[PDB]
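Residue numbers (the working numbering), protein chains in the order written: chain A, 60 to 338; chain B, 60 to 338. Here's the structure, in structure tokens; my notes come after.
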Ligand SMILES: C[C@@](N)(CCC[C@H](N)C(=O)O)C(=O)O
Ligand SMILES: C[C@@](N)(CCC[C@H](N)C(=O)O)C(=O)O
């Protein structure tokens, strides 16, 4: 009986549920796992709920990963939700931006004329206690620090966009055995709440190639918070400028670490695929 | 604008299309590839068309694999189609069986009282020219014959259920590196039209454990024609009786090589997942 719309942001694909009638999500995390199963269910990297606003915001976003866990933010998902909300509001829409309450704070997507969505993703969080990670003291940053993974020492930088990211820079990102090494990063003891893991090949100071092993979703074709965190990590390590394209398997995102307000802006597409109803 | 229903037969999942208005499938193979993409489309192992009957049959089935190629039959798909047709007919249904025209001939699913579907899959085809394969002369069977794959010699048996199967018996089917070796069987030069490949672990004379690398779909959770062919191969090589359970990743099928009429009967479930409409 559950009605939903399938979206994807650069192939990071989601089940969107109109949940404006109640602050109670329409499905449990356990049901979200079943729904995200690609063979037995609808198939998705997560379920996103369009919920009633909180504390002045226009709406609230909650997301369940395909493993049922609930992360704090999702950049590809926010872009899908902004498109979804525009469709729900229809001709009653009276603005090009939504203020969206998330576990990570207020996030503000903007529908731009060219069909893209540009998102104010907030300030990056750089202290180890904010990731969270035990690689460094809670009040210290985590920049080009060692992380031993199955005997081999990786150089990693940690950034939070509300959710945790662990970024490592590599010569050939296509050659990373992501299915094998990804889980070992995700569940590394250094990360008490697990982490998302991004492998970054720097092509130039304004062009990064990214692959990601996501917390709670595995190999995905794109991750907005992950691209934001990777750009921040590339600036912090002096490898890139603050404006860059992040090329993902599903396509590109435009990332800016603004020097005006020190916030991260992420611009990318959102595509409605189909509407459906569970049997 | 395309309306569809998602089904799966033991996790072998399909997009079902009501195509009763024309003998011409309403989507092209190229569109079917897009629709089967699990991130950018609906996500499926194939698209199945419910088409007008031919030559006194009740309906016709055509199926496109997720690579766009068109195979001659699909057992999990016929079960899903039988369920779909029963839903389309509703209270106008006046029988428990459909005669369905396929490229492989007439196939007759029966809706049983317990909710399963028992399918008359027809006679197994055992001659090399019927597979087709060049392992033996066209008028010879292919039983425990050699096939060199990347320098290792495998013992294989070939059976056609309208579509080609290459069956090999192994001690530990879970240990097969299916993602790697599968494509090497599928595209082996010995198979002019490619082949489906089944790895079979005999648990007992009435219980086979199967994993499959499918022509045009890769690793799937179940294959009905493949389970039929694997049972035939297990009989031909003296390893099993003619009545057996075939355990697949998605669950079990009951297979019978009838001594009454020498035809193969396949019994299994079919589950309706959701209905949808493409944007
Ligand atoms: C990939 C992601 N959807 C984030 C999903 C949440 C992530 N899997 C986590 O668990 O933190 C995004 O930012 O675009
Ligand atoms: C797996 C299959 N759907 C057959 C699909 C067709 C197969 N991929 C082929 O190309 O012959 C079945 O019999 O249940």
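For each residue, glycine too, the CB sits at the ideal point set by N, CA and C.
A residue is called buried once 16 or more other Cβ atoms fall within 10 Å of its Cβ, and residue 150(A), having fewer, is exposed. What residue 72(A) touches in chain B, judged by beta-carbon distance under 9 Å, is 97, 98, 99, 102, going in chain order. Contact check for residue 306(A) against residue 267(A) passes: the beta carbons are separated by less than 8 Å.
Those residues of the region 65-95 of chain A placed with their C-beta closer than 7 Å to a C-beta in chain B are 67, 70, 72, ordered along the chain. Scanning 271(B), 283(B), 332(B), 263(B) for the CA closest to the CA of residue 293(B) turns up 263(B).
Rounded to the nearest whole angstrom, the C-alpha separation of residue 245(A) and residue 192(A) is 12 Å. For residue 181(A), there is no enclosing alpha helix (DSSP H); the residue is part of the beta strand (DSSP E) that begins and ends at 176-181. With 16 or more neighbouring CB atoms inside 10 Å of its own CB, residue 285(B) falls in the buried class. Your pair residue 220(A) and residue 323(A) checks out as a contact, with CB atoms roughly 7 Å apart and the cut at 8 Å. Taking 7 Å as the upper bound on Cβ-Cβ separation, chain B lies near residues 331, 332, 333, 334, 335, 336, 337, 338 of the region 316-338 of chain A. Taking all protein chains in view, the Cβ of residue 270(B) is crowded by 16 or more other Cβ atoms within 10 Å, so the residue is classified as buried. Not a single CB atom of chain A sits nearer than 8 Å to the CB of residue 140(B). For the region 271-286 of chain B, the set of positions with a beta-carbon nearer than 7 Å to some beta-carbon of chain A reads 280 in chain order. Of 62(A), 77(A), 277(A), 310(A), the smallest CA-CA separation from residue 143(A) is found for 77(A). Pairwise C-beta distances place the region 316-336 of chain A in contact with the region 168-181 of chain A, as three or more of them are shorter than 8 Å. Within the chosen limit of 7 Å, ligand 2 reaches the beta carbon of residue 255(B) through at least one heavy atom.
With a threshold of 7 Å, the Cβ atom of residue 134(B) counts as near ligand 2, since some heavy atom of the ligand is closer than that. A contact between stretches requires three or more CB pairs, one per stretch, nearer than 8 Å, and the region 70-86 of chain B fails this requirement with the region 307-315 of chain A. Only residues of its own chain outside the window of five on either side were considered, and among them 193, 194, 195, 196, 197, 198, 199, 200, 201, 217 have a CB closer than 8 Å to the CB of residue 187(B), listed in chain order. Counting only runs of 3 or more residues that sit fully inside the region 264-336 of chain A, the beta strand (DSSP E) segments are 266-273, 302-307, 310-316, 323-327, in chain order. With contacts defined as CB atoms closer than 8 Å, residue 332(A) and residue 65(A) qualify as a contacting pair. Leaving aside the five residues that flank residue 302(A) on each side, the residues in its chain whose CB is nearer than 7 Å to its CB run, in chain order, 265, 315.
Our two residues, residue 227(B) and residue 131(B), have alpha carbons roughly 22 Å apart in a direct line.
Using a Cβ distance threshold of 8 Å, residue 287(B) and residue 180(B) count as a contacting pair.
Scanning its chain for C-beta atoms nearer than 6 Å, with the 5 sequence neighbours on each side dropped, one finds around residue 95(B) the residues 103, 125, in chain order.
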